[PDB]
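What follows is one structure encoded as structure tokens, with my remarks underneath.
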Amino acid sequence: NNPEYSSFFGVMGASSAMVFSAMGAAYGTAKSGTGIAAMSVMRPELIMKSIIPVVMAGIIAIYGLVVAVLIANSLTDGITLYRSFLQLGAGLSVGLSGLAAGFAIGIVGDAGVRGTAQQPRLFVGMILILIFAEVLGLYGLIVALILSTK
Amino acid sequence: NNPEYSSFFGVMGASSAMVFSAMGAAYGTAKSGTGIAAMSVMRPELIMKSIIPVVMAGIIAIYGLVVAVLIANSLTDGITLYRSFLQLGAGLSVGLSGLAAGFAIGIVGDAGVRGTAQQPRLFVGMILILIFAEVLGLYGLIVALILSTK
Amino acid sequence: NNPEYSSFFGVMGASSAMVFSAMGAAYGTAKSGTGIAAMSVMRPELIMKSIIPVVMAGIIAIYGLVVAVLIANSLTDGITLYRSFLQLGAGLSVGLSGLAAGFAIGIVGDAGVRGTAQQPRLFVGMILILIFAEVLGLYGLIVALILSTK
Amino acid sequence: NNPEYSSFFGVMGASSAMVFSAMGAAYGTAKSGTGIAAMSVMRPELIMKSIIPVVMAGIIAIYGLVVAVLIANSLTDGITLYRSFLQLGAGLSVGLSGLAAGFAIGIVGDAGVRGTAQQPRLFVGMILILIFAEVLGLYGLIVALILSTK
Amino acid sequence: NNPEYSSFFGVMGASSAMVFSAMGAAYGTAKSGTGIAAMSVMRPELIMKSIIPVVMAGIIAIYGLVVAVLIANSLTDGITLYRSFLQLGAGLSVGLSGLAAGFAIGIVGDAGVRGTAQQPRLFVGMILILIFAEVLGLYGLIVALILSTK
Amino acid sequence: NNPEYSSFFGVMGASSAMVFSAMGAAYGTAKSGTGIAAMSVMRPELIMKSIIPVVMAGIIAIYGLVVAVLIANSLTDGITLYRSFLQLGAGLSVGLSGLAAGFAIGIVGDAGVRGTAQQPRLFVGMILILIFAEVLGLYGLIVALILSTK
Amino acid sequence: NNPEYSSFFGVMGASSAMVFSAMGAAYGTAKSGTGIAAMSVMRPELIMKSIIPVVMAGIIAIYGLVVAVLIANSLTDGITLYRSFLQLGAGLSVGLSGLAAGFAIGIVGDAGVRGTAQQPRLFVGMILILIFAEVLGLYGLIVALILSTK
Amino acid sequence: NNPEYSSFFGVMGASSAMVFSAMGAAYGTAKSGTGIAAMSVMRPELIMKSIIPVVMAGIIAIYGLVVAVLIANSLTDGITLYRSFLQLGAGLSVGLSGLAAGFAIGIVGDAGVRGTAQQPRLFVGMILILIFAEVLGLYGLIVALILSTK
Amino acid sequence: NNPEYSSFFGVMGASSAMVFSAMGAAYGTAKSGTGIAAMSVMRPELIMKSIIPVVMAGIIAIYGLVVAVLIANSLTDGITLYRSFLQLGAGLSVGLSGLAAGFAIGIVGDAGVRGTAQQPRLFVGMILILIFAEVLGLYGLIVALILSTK
Amino acid sequence: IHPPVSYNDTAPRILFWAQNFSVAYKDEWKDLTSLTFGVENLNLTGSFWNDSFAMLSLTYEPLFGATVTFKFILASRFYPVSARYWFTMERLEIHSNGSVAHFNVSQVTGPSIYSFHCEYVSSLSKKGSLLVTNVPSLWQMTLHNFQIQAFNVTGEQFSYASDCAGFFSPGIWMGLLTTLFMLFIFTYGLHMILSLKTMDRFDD
Amino acid sequence: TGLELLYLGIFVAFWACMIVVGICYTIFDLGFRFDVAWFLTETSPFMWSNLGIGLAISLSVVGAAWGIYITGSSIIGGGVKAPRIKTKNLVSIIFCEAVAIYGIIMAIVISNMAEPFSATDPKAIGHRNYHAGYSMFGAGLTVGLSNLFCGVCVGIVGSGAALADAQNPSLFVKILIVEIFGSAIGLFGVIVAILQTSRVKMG
Amino acid sequence: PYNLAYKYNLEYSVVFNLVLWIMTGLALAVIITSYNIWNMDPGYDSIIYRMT
């Protein structure tokens, strides 16, 4: 006696998990990329030490993919309303966490890589701040998997 | 038999895939194209190298098209509401993901083309950033494939 | 017995707790990071000690996470609507209170580091105001825990 | 007897009491922090003496916490819809009163600390305006308390 | 009859009565304080007498308090829907009226105190204008009183 | 019999009659006062005459009070829905008319006093214009009285 | 017998009728007044001639008043929905048309007066354009009268 | 058989036919009048010949009047929904077409008159452009009339 | 047999067909005429050649007119919902197409007229481009006719 | 306010009410409210109840030269879309002298645990025409403030009621979609037209 | 920012209403009232099909015209000092117009899909018929927006192309590759629309 | 008595939509007119710089 409309929420959980994490990663890549492009004209040797934020946005994206794929695997044609809402919760948690964490990663990377261009000592501060940002996506992942697996 | 209105969400799934993928590809193409046009007058020797980002945007478009075709073939007038929701999920997953990817490709391509116009050594880093940006849409394509095939 | 949609608000609480507090932490991280990268140029010796705002901001995310997981383990299939409402309340409390806190930390730290670049004495007042900012997230945790436990 | 959803308005009252007070306090602390940081440059001997506005923002937060805690403590399951409404009323009262107070404290301080930096005489004036702004949150607390008791 | 949702309107009335008056007082105090801070640097000797517009904002706040307390005193579980509606009406009457008075007092003070700093004579005329601005809230209070006791 | 919720529109009529008239008078008072300060700084002697526009805004406040009080005295529990809607019409008619009149009086007062400082003989045209602006609120009142007493 | 709620549309016709007409008139008076004030500082001899646009706006006000009085007088507690709707139509037709005429009168009055000070020959054309502006409100009144009487 | 509420859409046909054509004529006269005023200060002898654009805006108004009056004449009580909708259609067709036409008239008249002041020969071209815009209002009238009579 | 409201959609189709085309034409003529005046002041001898863009705007208006009257002809009382929506489709098809075509013709016309003013060689280019915009209006008209004559 | 008609089986099981209940045959109207409600002599013979089905057979002896009866035929069942048991009034069956007539019913539906209400459940066009036929019929029926509940009954009380009075209707929804997609276009056009501007200067 | 503030305000109000109404319906148990199925079923398939076609043509035309003027402004301005431009860079205009060409092709193709019903009851209308409605609406929406976006893209890149050509004759023939890729997106939209309508039948 | 449902009218849909949308249009018209006047340029540019 499982409503057929209930399964929609699980699909939406998977979608959200993918899409919002994707938007966060996209912005994070974007701002860090413009920063890198600006920096590279003056200090090309910093390209590889400065791409790291893009990798971290990529990690936000992989977090989104992991949660979304897990939700998809858990989905079923007669999925219960309770479990489906759990999957929606996981999807929103991870997706919006990734959105926020990516916003942070992008802004931090932009400002930082620019900062290093004029002052190389800042590199350590960059990497610290960037990981502190990525930790938000980690928390999103944590909560998302807990809900998706309950 | 399945409810009469069921197929609506599957139709929307196909449409969303193609349409949002097209939005992403269009923005990426246009942004990279304005960058390319501005760069051409300055450093004409770099045009055929600088094209690549438009190819990445086209890759996002292809990602959209593949999913859209899959949903179109899977679609019929009597699908279960569950599969209809899943088709919509696949469509949105690839589509919005491609949109985010497209903004990424456009911005990164523009900034990087502008940089390389001034400093050739940025080129390879730009390629790497572009790859990481399209990878965002690739994740959406993976999740969409899974949702649709399930 | 209990309405089947009750679980929706429980999962909404679980999500909200993490997501909104995470947005606050993200904004704080971003503003403080830009401030750090700015101040580093003139006074590169202060970066590590001056990271304390990002260190403090991550705490809002910790708070969000704890409330989220507590709502999660409290969730089950048959919760009464009363309990689901308490879970929603706890989630919203910690999340949005942490968002307010995060705006506070972001602004205060961003201003404080830049000021300290010109006046090292400010650091102590910066810490004081930052504590007065984190306590907002803390109070949200207190109310959220009380609600979720009831 | 009572409709089973009556506690929704109680939990919403709690969430309002905490969250809106938190927003007000956050705005107050943020603007006061900008003021302190700005004034610090040429008058660092005023830092420790100028924290008062942030303290008042903290008191905003304290009213928020107090009302929310009372609300939560008094939430019983079969709460009469009547008292549940009254309780939404108390929460809104304290919370939005705290937001108004937060606007007041923040705007007052951001200018008042600067004015003091140029002119020591103002300090007493600023504290007077701050207390008059503070009593706004105080009135909100009074009203919320009477509705919660009632 | 007396539907179980009746008291909601009266409760919202109390909330409005306090909250909108509080917002008005907040803005009035904020602007008047900003003007006072601006003036003090030039003419510190005016502070004791120039504070008055903030007191006028406080009067608006007091109006809000009085109407709110009357409403709260009047509430009751078996409140008739007509009494609840009168209570709501009184609440809006006082609250939004006070908000208008707050806007007026605030703008007027911001201008007038600055002017007085540059011209001693303006003081009394400013006071008259503030008297009229508060008179608006006084009308609001009277209307709310009549509605409440009707 | 008339449905119980009918008196809603009468109570709203009274509340709006006060509130919107209040908003209009507040705005007019505001702009007039700013202009008065500005003119007074240079030409203090002209204050006593220049205050007049604020008085005429107080007239709008009076209109609002009169109509609101009339409606309040007319309110009854067994009020016919038709009479209730009449009272709502009257309340809106006075209130938003006073809003228009306050707008006009405010802009005219500002501009006119500002000019008057430079050319005293403008006073005649100014006064005439404010008359023309106040008769708008007078018309609002006439319509409101007809509607309410009908 | 007719549906009781019909009264609403008649009262709304009255309210709209007076309100939009009044707002248009207010705009017309206000901008014309700004023009007059700016003009006077130079050419005080043109005050009585320049007042004309404000009168022309007062004409819109009078039109609104006329239709509104007709509507209010014609309302009855047993009004048919046909007649009530018709009254609404009359109200909209005069009021919004008068608002358009109000913007026209105000803008042209301002511009024309300012020019006239610079060039008195403009005055005749300014009259003609003023008349053309008002005939809009006259058409609105005609339509509204026909509607209100049918 | 003639749903009771049918009169509404005929009434709106009337109201639109008036109001939207009126707004179009108003914008036309407004912008053209600003242009006339601007040109006057330089080229007085053109003033009388320059007013044609305002005339054509008035013709937009007269189109509105013709359609609205015909519509009102056709508003019988027991109107069928068919004719009521045709009546609305006529209303919108004239009103919005006239709105667009009046916008065109205003912009073109402004441009044309100020150009003519600089260069007389533009006069015929301006008249031609005004005609080609005015035919838009003419088509609005033609479609509205057809819809109304059919 | 057929629902009584069926005619509304056909009426909306006709009204849209007129109105959107009219607005497109209005924008086109306004922009074009502005450019014509600007070129005129310097080059009186190009008016007759330059007017063409306004003529093509007239063409799009005519397209709207023909489609609209064709729909009006088919607006019969016993209109089946099928035919009604066919007419709505015709309406939108011509209408939005014409609005876009008007934008294109207007902007291209302004740009081209200004260019011709300096460079006579461009005139043929102007016309050649403009035809490619106007053929869009032809396209919308064609599809609208096919729909209406389905 | 008269009491509802109730069919009982160890307890009330089917419940029906209206403020006014009337019928016509050959356009000659007659009123049934008093003869129906509260009066004990209302013959319910032939009425039948099932957890899946219900048939309420009201009866009046002299009406229209016949011992007339009205069978309201209702059912309930599981719809897989949602866990709920929905209910519907399928048809109305008039029984007349040696004769029967069938009316299909359009919009009387809802969750089985809630009653249903409607103003003017009647065959006349002017009043909603919720009862319908393909064949033109001698019969007219009108039920003003009709309310009914044939499943999950509990004592004399009705359950909470769903109502015909939705915030929208099919026609209204289609109209709102149409007007919204007109308004999108209109706002786009008006935005662009309002962004039109005029130059402040001219060349030499 | 007047009108944009208005759009933002109305948008916020609409979605606030949606959110609050959703919470209230769920809390009051009105999922039976809020059943999307009734909306989707009683909204006539004709409305879907015909909004579909109208958008299919009109959005395509919007893209075409938008891109057209975006590139035409540049083509003209550059041509002022570079008369060679007018004949050459017109390929931007032609590629913009191809979008509206697609618009017609799919619009008329879909128009061949429509047929009446002579049925009102949803059961009588049937799955095939409701599917026809939604499918036509979706195919129209898809083609319309893919064309819109292709058009804006091609217009922008063409503007850039003309401006670049103004400074150097030789570059245009190479930049046009970006234009080709832009048109490819519209072609993808066309393909998707074709597939969506390929198995549709009203009647 | 007997938990009779509240007597919603038959034309509730149409009356409700008429009220809602008419009031929405009215409220928006009022708000926009107020906005436009609120931002009405006071136009004393010849005086502003003497005052300031």
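In the structure tokens, chains take the letters A, B, ... in the order shown, each chain's residues start at 1, and ligands count up from 1 in the order shown.
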
- Quick one: everything within 9 Å of residue 152 in chain J, counting only C-alpha atoms, minus sequence neighbours fewer than 5 positions away in the same chain. Send it as a ChimeraX atom specification. /J:13-14,51,112-114,159

- Taking only C-alpha atoms into account, report as a list in words which residues of chain J lie within 8 Å of chain H.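 Output check: residues 125, 126, 193, 196, 197, 198, 199 and 202 of chain J.
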
- Message: If we count only C-alpha atoms and set the cut-off at 12 Å, which residues sit around residue 120 in chain I, ignoring sequence neighbours fewer than 2 positions away in its own chain? Please answer as an MDAnalysis selection string.
- Response: (chainID I and resid 39 43 45:46 49:50 112:118 122:126) or (chainID K and resid 76 79:83)

Next, dump the selected residues to file, keeping only N, CA, C and O atoms, as a compact mmCIF listing (two decimals), in the first residue's frame.
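out-v9.txt, written as the output of this step:
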# COMPACT_ATOMS: atom_id res chain seq x y z
N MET I 39 20.25 60.77 -37.31
CA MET I 39 20.92 60.91 -38.60
C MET I 39 20.48 62.19 -39.29
O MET I 39 21.27 62.84 -39.99
N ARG I 43 22.27 64.95 -41.68
CA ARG I 43 22.10 64.55 -43.07
C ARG I 43 20.63 64.69 -43.45
O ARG I 43 19.90 63.69 -43.51
N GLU I 45 19.31 64.96 -46.20
CA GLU I 45 18.99 64.42 -47.51
C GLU I 45 18.72 62.92 -47.48
O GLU I 45 18.44 62.34 -48.53
N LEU I 46 18.81 62.28 -46.32
CA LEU I 46 18.64 60.84 -46.21
C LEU I 46 17.32 60.41 -45.60
O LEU I 46 17.16 59.22 -45.30
N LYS I 49 15.14 57.89 -47.86
CA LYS I 49 15.80 56.59 -47.94
C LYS I 49 15.79 55.89 -46.59
O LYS I 49 15.62 54.67 -46.51
N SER I 50 15.96 56.66 -45.51
CA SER I 50 16.18 56.08 -44.20
C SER I 50 14.92 55.54 -43.56
O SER I 50 15.00 54.66 -42.71
N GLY I 112 21.73 50.72 -38.16
CA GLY I 112 22.00 50.90 -39.57
C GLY I 112 21.85 52.35 -39.99
O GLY I 112 22.63 52.84 -40.81
N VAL I 113 20.85 53.04 -39.46
CA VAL I 113 20.67 54.43 -39.86
C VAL I 113 21.86 55.25 -39.40
O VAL I 113 22.41 56.06 -40.16
N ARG I 114 22.31 55.02 -38.16
CA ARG I 114 23.48 55.76 -37.70
C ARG I 114 24.69 55.44 -38.57
O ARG I 114 25.44 56.34 -38.95
N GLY I 115 24.89 54.16 -38.90
CA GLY I 115 26.01 53.81 -39.75
C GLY I 115 25.94 54.48 -41.11
O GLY I 115 26.90 55.09 -41.57
N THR I 116 24.78 54.38 -41.76
CA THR I 116 24.60 55.04 -43.05
C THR I 116 24.93 56.51 -42.95
O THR I 116 25.56 57.08 -43.85
N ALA I 117 24.52 57.15 -41.85
CA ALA I 117 24.77 58.58 -41.70
C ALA I 117 26.23 58.90 -41.95
O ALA I 117 26.56 59.94 -42.53
N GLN I 118 27.12 58.02 -41.52
CA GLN I 118 28.54 58.24 -41.73
C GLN I 118 29.06 57.53 -42.97
O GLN I 118 30.01 58.01 -43.59
N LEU I 122 26.79 51.41 -46.43
CA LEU I 122 26.15 50.41 -45.57
C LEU I 122 24.67 50.23 -45.84
O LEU I 122 24.10 49.22 -45.42
N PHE I 123 24.03 51.15 -46.57
CA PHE I 123 22.58 51.14 -46.68
C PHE I 123 22.07 49.80 -47.20
O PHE I 123 21.10 49.24 -46.67
N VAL I 124 22.70 49.28 -48.24
CA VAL I 124 22.30 47.98 -48.77
C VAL I 124 22.43 46.92 -47.69
O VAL I 124 21.60 46.02 -47.57
N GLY I 125 23.49 47.01 -46.88
CA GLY I 125 23.64 46.07 -45.79
C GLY I 125 22.50 46.18 -44.79
O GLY I 125 21.95 45.17 -44.35
N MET I 126 22.15 47.41 -44.42
CA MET I 126 20.98 47.61 -43.58
C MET I 126 19.82 46.80 -44.10
O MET I 126 19.26 45.95 -43.40
N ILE K 76 26.97 46.38 -38.42
CA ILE K 76 26.84 47.74 -38.93
C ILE K 76 27.95 48.62 -38.39
O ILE K 76 28.68 49.28 -39.15
N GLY K 79 31.18 47.89 -39.86
CA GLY K 79 31.17 48.22 -41.27
C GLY K 79 31.34 49.70 -41.53
O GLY K 79 31.79 50.08 -42.61
N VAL K 80 30.99 50.54 -40.55
CA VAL K 80 31.16 51.98 -40.73
C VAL K 80 32.53 52.28 -41.32
O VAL K 80 32.66 52.92 -42.37
N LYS K 81 33.59 51.80 -40.67
CA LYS K 81 34.95 52.00 -41.14
C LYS K 81 35.48 50.81 -41.93
O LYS K 81 36.60 50.88 -42.44
N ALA K 82 34.71 49.74 -42.05
CA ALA K 82 35.15 48.53 -42.75
C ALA K 82 34.04 48.07 -43.68
O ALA K 82 33.34 47.08 -43.42
N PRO K 83 33.86 48.76 -44.81
CA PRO K 83 32.76 48.40 -45.72
C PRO K 83 32.81 46.96 -46.20
O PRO K 83 31.76 46.42 -46.56

- Message: Tell me as a list in words which residues belonging to chain K come within 12 Å of chain L, counting only C-alpha atoms.
- Response: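 Written out as asked, the residues are residues 1, 2, 3, 5, 6, 7, 9, 10, 13 and 14 of chain K.
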
Would you save the residues from that selection as a JSON list (two decimals), in the first residue's frame, using N, CA, C and O atoms?
[["chain", "number", "residue", "atom", "x", "y", "z"],
["K", 1, "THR", "N", 16.66, 50.20, -10.12],
["K", 1, "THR", "CA", 16.29, 48.84, -10.50],
["K", 1, "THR", "C", 14.82, 48.57, -10.22],
["K", 1, "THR", "O", 14.46, 47.56, -9.63],
["K", 2, "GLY", "N", 13.96, 49.47, -10.70],
["K", 2, "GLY", "CA", 12.53, 49.39, -10.44],
["K", 2, "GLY", "C", 11.85, 48.11, -10.89],
["K", 2, "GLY", "O", 11.32, 47.36, -10.06],
["K", 3, "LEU", "N", 11.82, 47.87, -12.20],
["K", 3, "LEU", "CA", 11.04, 46.76, -12.72],
["K", 3, "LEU", "C", 11.63, 45.42, -12.30],
["K", 3, "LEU", "O", 10.88, 44.46, -12.04],
["K", 5, "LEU", "N", 13.22, 44.93, -9.44],
["K", 5, "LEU", "CA", 12.76, 44.77, -8.06],
["K", 5, "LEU", "C", 11.32, 44.30, -8.02],
["K", 5, "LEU", "O", 10.95, 43.49, -7.17],
["K", 6, "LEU", "N", 10.49, 44.80, -8.93],
["K", 6, "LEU", "CA", 9.11, 44.31, -9.00],
["K", 6, "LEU", "C", 9.05, 42.83, -9.32],
["K", 6, "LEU", "O", 8.29, 42.08, -8.69],
["K", 7, "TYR", "N", 9.79, 42.39, -10.33],
["K", 7, "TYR", "CA", 9.75, 40.98, -10.70],
["K", 7, "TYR", "C", 10.23, 40.13, -9.54],
["K", 7, "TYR", "O", 9.65, 39.09, -9.23],
["K", 9, "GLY", "N", 10.02, 40.90, -6.38],
["K", 9, "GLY", "CA", 9.01, 40.91, -5.34],
["K", 9, "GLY", "C", 7.86, 39.97, -5.64],
["K", 9, "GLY", "O", 7.44, 39.19, -4.78],
["K", 10, "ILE", "N", 7.35, 40.02, -6.86],
["K", 10, "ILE", "CA", 6.23, 39.14, -7.21],
["K", 10, "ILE", "C", 6.68, 37.69, -7.17],
["K", 10, "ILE", "O", 5.93, 36.81, -6.73],
["K", 13, "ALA", "N", 6.85, 36.65, -3.54],
["K", 13, "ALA", "CA", 5.50, 36.49, -3.01],
["K", 13, "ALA", "C", 4.88, 35.19, -3.50],
["K", 13, "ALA", "O", 4.27, 34.44, -2.72],
["K", 14, "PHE", "N", 5.03, 34.89, -4.79],
["K", 14, "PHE", "CA", 4.44, 33.69, -5.34],
["K", 14, "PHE", "C", 5.01, 32.45, -4.67],
["K", 14, "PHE", "O", 4.27, 31.54, -4.29]]

Report as JSON lines: every residue of chain K with an atom at most 10 Å from chain J, its closest pair of atoms, and their distance in Å to one decimal, counting only C-alpha atoms, with rows sorted by chain and ascending residue number.
{"residue": "K:3", "atom": "CA", "partner": "J:191", "partner_atom": "CA", "distance": 7.3}
{"residue": "K:4", "atom": "CA", "partner": "J:191", "partner_atom": "CA", "distance": 9.1}
{"residue": "K:7", "atom": "CA", "partner": "J:187", "partner_atom": "CA", "distance": 9.4}
{"residue": "K:30", "atom": "CA", "partner": "J:162", "partner_atom": "CA", "distance": 9.3}
{"residue": "K:31", "atom": "CA", "partner": "J:82", "partner_atom": "CA", "distance": 9.2}
{"residue": "K:32", "atom": "CA", "partner": "J:111", "partner_atom": "CA", "distance": 7.1}
{"residue": "K:33", "atom": "CA", "partner": "J:166", "partner_atom": "CA", "distance": 8.1}
{"residue": "K:34", "atom": "CA", "partner": "J:166", "partner_atom": "CA", "distance": 9.9}
{"residue": "K:35", "atom": "CA", "partner": "J:81", "partner_atom": "CA", "distance": 9.7}
{"residue": "K:37", "atom": "CA", "partner": "J:81", "partner_atom": "CA", "distance": 9.3}
{"residue": "K:38", "atom": "CA", "partner": "J:170", "partner_atom": "CA", "distance": 8.6}
{"residue": "K:39", "atom": "CA", "partner": "J:170", "partner_atom": "CA", "distance": 7.3}
{"residue": "K:40", "atom": "CA", "partner": "J:170", "partner_atom": "CA", "distance": 9.7}
{"residue": "K:41", "atom": "CA", "partner": "J:170", "partner_atom": "CA", "distance": 9.0}
{"residue": "K:42", "atom": "CA", "partner": "J:170", "partner_atom": "CA", "distance": 5.5}
{"residue": "K:43", "atom": "CA", "partner": "J:174", "partner_atom": "CA", "distance": 5.9}
{"residue": "K:44", "atom": "CA", "partner": "J:174", "partner_atom": "CA", "distance": 7.7}
{"residue": "K:47", "atom": "CA", "partner": "J:174", "partner_atom": "CA", "distance": 7.6}
{"residue": "K:48", "atom": "CA", "partner": "J:174", "partner_atom": "CA", "distance": 9.8}
{"residue": "K:51", "atom": "CA", "partner": "J:178", "partner_atom": "CA", "distance": 8.6}
{"residue": "K:55", "atom": "CA", "partner": "J:181", "partner_atom": "CA", "distance": 10.0}
{"residue": "K:121", "atom": "CA", "partner": "J:106", "partner_atom": "CA", "distance": 9.6}

- Note on the structure: From CA of residue 143 in chain K to CA of residue 68 in chain B the spacing works out at 12.2 Å

- Query: Near residue 144 in chain A, counting only C-alpha atoms, which residues have an atom at most 6 Å away, once you skip same-chain residues fewer than 6 positions from it, shown as a list in words?
  - Reply: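 Counting only the stated atoms, we get residues 90, 93 and 94 of chain A.
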
- DSSP alpha helix (DSSP H) residues within chain I, as a ChimeraX atom specification: /I:7-42,47-50,52-74,81-118,123-148

- Item | Neighbour list for residue 72 in chain K as number ranges by chain, cut-off 12 Å, only C-alpha atoms, skip fewer than 5 positions in-chain | I: 104-112, 115, 122, 125-133; K: 64-67, 77-79, 85-86, 89-94, 96, 154-163

What would the file look like if the residues just selected were written as a compact mmCIF listing (two decimals), in the first residue's frame with C-alpha atoms?
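Resulting contents of selection37.txt:
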# COMPACT_ATOMS: atom_id res chain seq x y z
CA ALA I 104 15.15 43.06 -34.12
CA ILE I 105 13.92 45.48 -36.77
CA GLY I 106 14.09 48.41 -34.37
CA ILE I 107 17.58 47.82 -33.06
CA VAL I 108 18.99 46.92 -36.46
CA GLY I 109 17.32 49.99 -37.90
CA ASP I 110 18.83 52.36 -35.37
CA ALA I 111 22.28 50.89 -35.80
CA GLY I 112 22.00 50.90 -39.57
CA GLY I 115 26.01 53.81 -39.75
CA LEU I 122 26.15 50.41 -45.57
CA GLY I 125 23.64 46.07 -45.79
CA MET I 126 20.98 47.61 -43.58
CA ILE I 127 18.22 46.46 -45.90
CA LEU I 128 19.70 43.01 -46.42
CA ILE I 129 19.93 42.39 -42.68
CA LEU I 130 16.49 43.82 -41.96
CA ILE I 131 14.83 41.48 -44.42
CA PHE I 132 16.21 38.53 -42.46
CA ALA I 133 14.45 39.89 -39.38
CA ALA K 64 16.52 34.17 -34.12
CA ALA K 65 15.62 37.84 -33.74
CA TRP K 66 17.57 38.31 -30.52
CA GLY K 67 20.74 36.90 -32.00
CA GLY K 77 29.06 49.56 -36.48
CA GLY K 78 32.20 47.82 -37.65
CA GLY K 79 31.17 48.22 -41.27
CA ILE K 85 32.17 43.59 -43.64
CA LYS K 86 28.65 43.89 -44.98
CA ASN K 89 30.02 38.70 -41.91
CA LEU K 90 26.38 38.25 -42.98
CA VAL K 91 26.85 34.53 -42.34
CA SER K 92 26.22 35.40 -38.70
CA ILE K 93 22.81 36.70 -39.73
CA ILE K 94 22.07 33.62 -41.83
CA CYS K 96 20.81 33.27 -36.67
CA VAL K 154 25.06 32.58 -32.39
CA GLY K 155 24.17 36.25 -32.22
CA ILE K 156 26.72 37.02 -29.53
CA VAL K 157 29.53 35.12 -31.21
CA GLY K 158 28.66 36.69 -34.54
CA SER K 159 28.86 40.14 -33.01
CA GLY K 160 32.31 39.26 -31.75
CA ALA K 161 33.18 37.93 -35.19
CA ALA K 162 32.19 41.09 -37.02
CA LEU K 163 34.08 43.26 -34.54

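Counting only C-alpha atoms, residue 59 in chain E has the following residues at most 10 Å away, ignoring those fewer than 2 positions along the same chain: residues 21, 25, 53, 54, 55, 56, 57, 61, 62, 63, 64, 65, 98, 102, 134, 137 and 138 of chain E.
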
Produce a table with one row for each residue of chain E that has an atom at most 6 Å from any atom of chain D, each row naming the nearest atom pair and its distance in Å at one decimal; use only C-alpha atoms; arrange rows by chain and rising residue number; format as CSV.
residue,atom,partner,partner_atom,distance
E:8,CA,D:85,CA,5.5
E:11,CA,D:86,CA,5.5
E:12,CA,D:89,CA,5.9
E:15,CA,D:93,CA,5.0
E:19,CA,D:97,CA,5.4
E:22,CA,D:97,CA,5.8
E:23,CA,D:100,CA,4.8
E:26,CA,D:104,CA,4.8
E:30,CA,D:104,CA,5.0
E:33,CA,D:108,CA,5.6
E:34,CA,D:111,CA,5.9
E:37,CA,D:115,CA,5.3
E:41,CA,D:119,CA,5.4
E:77,CA,D:82,CA,5.6

Requested write-out: C-alpha atoms of the selected residues, as a short mmCIF file (atom, residue, chain, number, x, y, z; two decimals), in the first residue's frame:
data_model
loop_
_atom_site.label_atom_id
_atom_site.label_comp_id
_atom_site.auth_asym_id
_atom_site.auth_seq_id
_atom_site.Cartn_x
_atom_site.Cartn_y
_atom_site.Cartn_z
CA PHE E 8 -5.20 33.23 16.27
CA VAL E 11 -2.75 36.68 19.12
CA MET E 12 -1.37 37.98 15.85
CA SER E 15 2.32 40.36 18.09
CA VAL E 19 6.48 44.29 16.73
CA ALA E 22 9.21 48.18 17.90
CA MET E 23 10.47 48.42 14.33
CA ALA E 26 14.20 51.05 16.17
CA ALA E 30 18.86 54.51 14.62
CA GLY E 33 21.55 58.38 16.86
CA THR E 34 23.42 58.55 13.57
CA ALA E 37 26.96 61.03 16.39
CA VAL E 41 32.09 65.73 16.73
CA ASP E 77 -9.58 30.40 24.96
#
